[PDB]
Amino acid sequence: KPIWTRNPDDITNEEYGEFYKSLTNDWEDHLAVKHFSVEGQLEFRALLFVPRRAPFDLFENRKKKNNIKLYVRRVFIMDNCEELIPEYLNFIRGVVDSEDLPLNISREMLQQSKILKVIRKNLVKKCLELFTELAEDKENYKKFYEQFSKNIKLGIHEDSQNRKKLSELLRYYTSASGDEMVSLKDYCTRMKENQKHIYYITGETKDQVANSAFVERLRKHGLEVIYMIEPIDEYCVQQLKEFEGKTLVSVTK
């Protein structure tokens, strides 16, 4: 039986790795795996993997198609179905096996398919669920975030429906964090009693921004400033107007 039709409880991580490596020709095994099924009026199984390295630089390679393999009742259909998952998750590798799709479905009907849209929404929900489970382990989440932080920020820009969950996955240096990147929830725990806004500064290097005088000003009060040191962060805070009810404020206003 194909591994994706087996019960996840009975599959070792070495069996997943072996399958992951034959599927992707990676020389390393997966960083993470999410194996699940939906049943009832919609019926399908999915076996998704996060690679240990970003497959390409996302921002210089926009609109790359995902490589998930689509099956119908265990018969391979295609492996470049754009609408199976949104672009910011196009690094996800693996297999989706649908029971209800037409076996003879063309790509143009696939594009219009209501079954494909409900499958896609389930993939996103389970990927985000995987990322949050991965955030429980601080050491391996650092590995994921180094490779895919740009994808999370691209999602914040492009996917308002999940913008809340995605924002919980962000990590940043701050004027109070030293060598560690922290979450917005962590920032919120340290806010002063009177503080009603989340302060950030955008810039180019950690050092130039840590030396900046707008930061020094708030350092003189008991106030923490978030370091946003990549160009997507501009787009990112535009749509991330606030968090936990706290408005985001640039220290340069």
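Heads up: residue numbers just count along the shown sequence, starting at 1.
Relative to its counterpart among 175-183 and 69-77, 175-183 has the higher mean temperature factor, C-alpha atoms as listed in the PDB entry. The stretch with the higher mean CA B factor, choosing between 235-243 and 13-21, is 235-243. Which of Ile105, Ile156, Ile92, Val96 has the largest Cα B-factor in the deposited entry comes down to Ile105. The PDB entry assigns the greatest CA B-factor among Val118, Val124, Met109, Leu170 to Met109. Ranked by C-alpha B-factor against the other modelled residues of its chain, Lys206 falls in the highest third. Compared with the other modelled residues of the chain, the Cα B-factor recorded for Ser149 ranks in the lowest third. Ranked against the other modelled residues of its chain, the C-alpha B-factor of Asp57 as given in the entry falls in the highest third. Placement of the Cα temperature factor of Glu87 within the chain: lowest third of the modelled residues, per the deposited record. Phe214: CA B factor in the highest third of modelled residues in this chain (values from the PDB entry).
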